[PDB]
Every structure is written in C-alpha cells, then in structure tokens.
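Step one of this worksheet: look at the structure below.
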Amino acid sequence: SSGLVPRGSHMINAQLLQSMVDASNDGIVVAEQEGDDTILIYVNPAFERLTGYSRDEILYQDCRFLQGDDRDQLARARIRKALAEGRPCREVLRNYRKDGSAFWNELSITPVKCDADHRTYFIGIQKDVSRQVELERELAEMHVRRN
Amino acid sequence: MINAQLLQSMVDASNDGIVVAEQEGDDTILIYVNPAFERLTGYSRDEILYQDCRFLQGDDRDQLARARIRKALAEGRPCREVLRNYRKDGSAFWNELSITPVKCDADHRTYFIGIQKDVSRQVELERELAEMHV
Ligand SMILES: [Cl-]
Ligand SMILES: [Cl-]
C-alpha cells in the first residue's frame, strides 16, 4: 500500500515555472473569454516556432486567426461548445501556419479558475503530430505497395 | 507578467514530462515532477522525489548517451538525447529528453529542467517502415 511520505521542494518558484514553460517542447497558450470571442493573453516560444506567428501579432487578438480546415469543422465546433461550457476537450486539427503551410496538431484545452482574480481562463497545449501523421501515411502507402 | 498559479497549471496540463533536478555531489536529485512525468514513468510523485535520476531504469545501449548527459550536467550545459527507459512495471518506452540549465544566483546553484517526450510511436513506426523497404 502507499503510505508514501508527501514530497515536493518548496525551493520551486515562479521563475522556474516560467523556464519550464519556456523550455516546453509543446506550444502553451493561455486564453480569456471576452464576450463571444476567445483572446490569447500568453504564448510560449514553441507556439511561435510551430505556427510562425510572433507573440506580439497574436497577443490579445481573437484565436480565429489560426486558419482551420473544413474537414475539421465538426471538431472546431466541439471545441467552442466545451469552451462555452467551461469543460475541457482535446482534438486533433489540421491548422495553417502564417505562411499557409499545413501542420497537424493535437490541441488540449483545460479551463482553470484563477484564485487571485476570479475569472475563468483556458490553457491550451499544442502538440505537433505532423510527423506521426506523415509516417502513418507512408506506412499505409507501403502496405499498398508491398502487399 | 503572469500569475504563479497559472504557470503551475500550464506545467500540470503538459503532455510531456517536466522535471527539475539539482546537482548534489555525484548525484542529480529530482526536486519537482509534473503529473505527465508520473504517468510516463509509472511512478508516483512521492516515490520519485528526492531520488537520483538513475532511479529510472535505462538501457545498456544508451551508455554512451548517458555519459554525454553526465558531462553536460557537470558542465552546466544543455543537452538532448533519445533514450530507451523502463517504467515501474518494466514496460519499455522511447523518450526524447531535453535538459535546460537555469542559474539561480538567489540559490547559488544551477537547476536543470528536463522535458521528457514519449517518442515510442515515432520510433516503432520508423522501424516498421524500415522493414517494408526490405
Ligand atoms: Cl468554424
Ligand atoms: Cl499535409
């Protein structure tokens, strides 16, 4: 049974948390709900590196800027629903970079209530799946080629 | 310019494992672990914390890579490696591990941030593909 001793170092501080977020390989954004729209108030470097948009053209603009795919229209809709209800959700989407090139990404959204200011914020995690998708497709082709 | 609770939630929601470690003598001691790291390795936070990084069983095929990591850590340098590791239950996973040094002169010591991304599916798909060409 777990009678484990509770552990965590109280040496950890907000400076180290910011470095974890800066070092994260996945993109990490924070968003707020202003009326009917979703506004990005924080983005980490990975988000820039994956999407090609800078922090400053993104910040405090509606997230509609990241161009979606029509094959994802249903998933897009599931996301807005969960956002309105403050429920979490996860979806794999084909999105478009600033230069219009496509990337596949798994997007996972967690709502969080802030203790200092009582308002509801949502945390996105943006995982590039492009390489997994591309490998799975090559394998599918080779199955047609070989077998 | 961002709340300290919100950063923690960012780290907690992460899919990748995120740890902090500090050098202690000959050891690199893990002082923080996020939930994804618990799930990736199969160990709970309280069984991981304050143990040397070698608690997580490695592969003999990685001995060279581990040596590079030791060197980078001793020198306070970042490094990145793909390793085969084994969970608490003994199942294997491939993971890309990226280490970022951070100096706190406040603490008079260098902290290390690992990012541990499970690459297992990428590795096995790549291996299947290698066969299909034979
Ligand atoms: Cl739409
Ligand atoms: Cl494509």
Side-chain angles (χ1 to χ4, degrees), chain A residues 12-31 33 35 38-60 63 65-66 68-69 72 79-80 83 88-112 116 120-131, chain B residues 2-4 6-16 18 20 34 36 78 80 96 98-102 104 111 113-115 117:
Chain A
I12 284 280
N13 59 29
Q15 185 191 151
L16 283 163
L17 291 174
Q18 185 60 66
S19 312
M20 299 181 229
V21 176
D22 287 332
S24 157
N25 176 246
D26 292 335
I28 301 172
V29 305
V30 183
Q33 39 199 354
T38 304
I39 295 307
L40 295 173
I41 71 179
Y42 174 87
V43 299
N44 81 339
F47 181 92
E48 305 182 332
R49 303 178 186 153
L50 187 59
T51 71
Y53 295 100
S54 82
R55 202 170 326 268
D56 294 325
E57 52 191 322
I58 292 331
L59 277 188
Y60 316 110
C63 66
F65 81 80
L66 180 64
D69 198 306
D72 301 324
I79 291 175
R80 270 180 289 261
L83 276 171
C89 61
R90 182 177 301 262
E91 295 288 342
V92 175
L93 309 172
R94 210 193 153 94
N95 277 120
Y96 293 97
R97 306 195 162 89
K98 187 180 186 180
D99 68 8
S101 48
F103 64 101
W104 292 88
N105 73 274
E106 173 186 273
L107 168 64
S108 101
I109 299 171
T110 295
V112 166
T120 289
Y121 304 109
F122 298 93
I123 293 170
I125 308 290
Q126 176 190 64
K127 176 179 162 173
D128 186 356
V129 292
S130 302
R131 182 56 180 166
Chain B
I2 275 279
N3 185 305
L6 212 60
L7 289 172
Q8 188 61 262
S9 311
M10 299 181 230
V11 174
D12 287 329
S14 270
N15 307 314
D16 292 334
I18 299 173
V20 182
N34 78 336
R80 180 178 299 153
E96 175 187 85
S98 282
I99 295 170
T100 298
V102 169
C104 248
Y111 291 108
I113 292 170
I115 311 290
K117 177 179 266 304

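Chain naming here is simple, since letters A, B, ... match the order of the sequence lines and numbering starts at 1 in each.
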**Fill in**
Here the gap from A/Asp22 atom CG to A/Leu16 atom CG, rounded to the nearest 0.5 Å, amounts to 11.5 Å
**Prompt:** Is any side-chain heavy atom of A/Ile58 less than 4.5 Å from a side-chain heavy atom of A/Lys98?
**Reply:** no
**Complete:** Between the OH atom in A/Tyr42 and the CG atom in A/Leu59, the distance rounded to the nearest 0.5 Å is 10.0 Å
**Asked** In chain order, what residues pass the salt bridge (charged side-chain N to carboxylate O under 4.0 Å, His left out) check against A/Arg90, with sequence neighbours excluded?
**Response** A/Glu106
**Prompt:** Side-chain contact, heavy-atom cut-off 4.5 Å: A/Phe122 with A/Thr110?
**Reply:** no
**Request:** Flag the pair B/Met10 / A/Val30 as yes when at least one side-chain heavy-atom distance between them is below 4.5 Å, and no otherwise.
**Result:** yes
**Request:** Measure the shortest side-chain to side-chain distance between B/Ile113 and B/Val102 over non-hydrogen atoms and say whether it is less than 4.5 angstrom.
**Result:** yes
**Request:** Would you indicate whether the side-chain heavy atoms of A/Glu48 and A/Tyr53 approach each other to under 4.5 Å?
**Result:** no
**Message:** Between A/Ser130 (side chain only) and A/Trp104 (backbone N and O only), is there a donor and an acceptor less than 3.5 Å apart?
**Reply:** yes
**Asked** If only atom types and distance count, is the side chain of A/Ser19 paired as donor or acceptor with the main-chain N or O of A/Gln15 below 3.5 Å?
**Response** yes
**Asked** Between NZ of B/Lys117 and CD1 of B/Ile18, what distance do you get to the nearest 0.5 Å?
**Response** 10.5 Å
**Donor-acceptor contact below 3.5 Å, side chain B/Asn34 vs main chain B/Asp16** = yes
**Item:** Heavy-atom closest contact (A/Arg94 atom, A/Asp72 atom, distance)
**Value:** N-OD2, 2.7 Å
**Asked** Any side-chain heavy atom of B/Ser98 within less than 4.5 Å of one from B/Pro78?
**Response** no
**Asked** Which of these passes side chain to side chain contact (heavy atoms under 4.5 Å, CB included) with A/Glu91: A/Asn105, A/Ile109, A/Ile79?
**Response** A/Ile79
**Prompt:** Just checking, is any N or O donor in the side chain of A/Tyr121 or B/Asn3 under 3.5 Å from an acceptor N or O on the other one?
**Reply:** no
**Asked** Rounded to the nearest 0.5 Å, how far does CG of A/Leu66 lie from OH of A/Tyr96?
**Response** 11.0 Å
**Item:** Donor-acceptor side-chain pairing of A/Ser101 and A/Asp99 below 3.5 angstrom
**Value:** yes
**Request:** Flag the pair A/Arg55 / A/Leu40 as yes when at least one side-chain heavy-atom distance between them is below 4.5 Å, and no otherwise.
**Result:** no
